[PDB]
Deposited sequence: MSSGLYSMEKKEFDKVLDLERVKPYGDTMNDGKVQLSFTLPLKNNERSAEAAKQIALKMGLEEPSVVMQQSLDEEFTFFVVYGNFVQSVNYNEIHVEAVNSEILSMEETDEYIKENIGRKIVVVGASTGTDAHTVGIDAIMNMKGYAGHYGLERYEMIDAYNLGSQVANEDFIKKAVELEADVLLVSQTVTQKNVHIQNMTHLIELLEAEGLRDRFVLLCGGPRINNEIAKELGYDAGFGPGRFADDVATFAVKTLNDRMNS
């Protein structure tokens, strides 16, 4: 690892940013990270980098005000018989997970964590109530595909009552991914490496695309 700083003579762009990455790798073992980038002049720019899109909380909150105009509400839970909750707690808790703060920590967001073992029938009752914009269902046990059955059932339920489209349905859990997600009826699925910011940035853009 190496700390390396310098300054290029290009207006402060994401291009110059790249130039920075270039000039970095171009000088030995890389995988550069341009930690800081600020301009000294409209024609000059300083750089700090280390070597060898996802909105952020501040941003997604702005995006919500300038694009949606009201606080959005999200209801999540570990549905069915699944008692695993650490996961949904990683995205929904104030404290969040590994540095990424949960959705309840966001200003333009009302996150309602209903916890573990929530019957789809109850989940839906609760989404209609707190008038949710985003539904979050987490699944962990894959035993006899009890999860695929359960997530599939929640979709039928929603649709049978003519409700699916009212929501951005997100699913995730250790054995989940976006491929599995889409072919089941959900708008997106999030695996073990994802965090609240990943969810937030996706939910907010989708909302916007829909509300148009």
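Several segments of the deposited sequence have no coordinates for C-alpha: 1 to 32, 85 to 101, 262, numbered from the first residue.
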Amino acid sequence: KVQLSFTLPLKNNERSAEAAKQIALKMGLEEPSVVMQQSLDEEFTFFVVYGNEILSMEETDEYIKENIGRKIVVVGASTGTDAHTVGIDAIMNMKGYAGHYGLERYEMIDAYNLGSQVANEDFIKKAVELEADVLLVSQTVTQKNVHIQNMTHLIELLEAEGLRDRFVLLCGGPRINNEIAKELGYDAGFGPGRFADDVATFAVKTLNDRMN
From here on, numbers count along this sequence of modelled residues.
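According to the PDB record, 64 to 72 carries the higher mean C-alpha B-factor of the two stretches 166 to 174 and 64 to 72. Note on 142 to 150 vs 23 to 31: mean CA B-factor is higher in 23 to 31. When all modelled residues of the chain are sorted by CA temperature factor, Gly193 is found within the middle third. Per the PDB record, residue ranking by Cα B-factor puts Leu40 in the highest third of the chain. Among all modelled residues in this chain, the alpha-carbon of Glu156 has a temperature factor (C-alpha) in the middle third.
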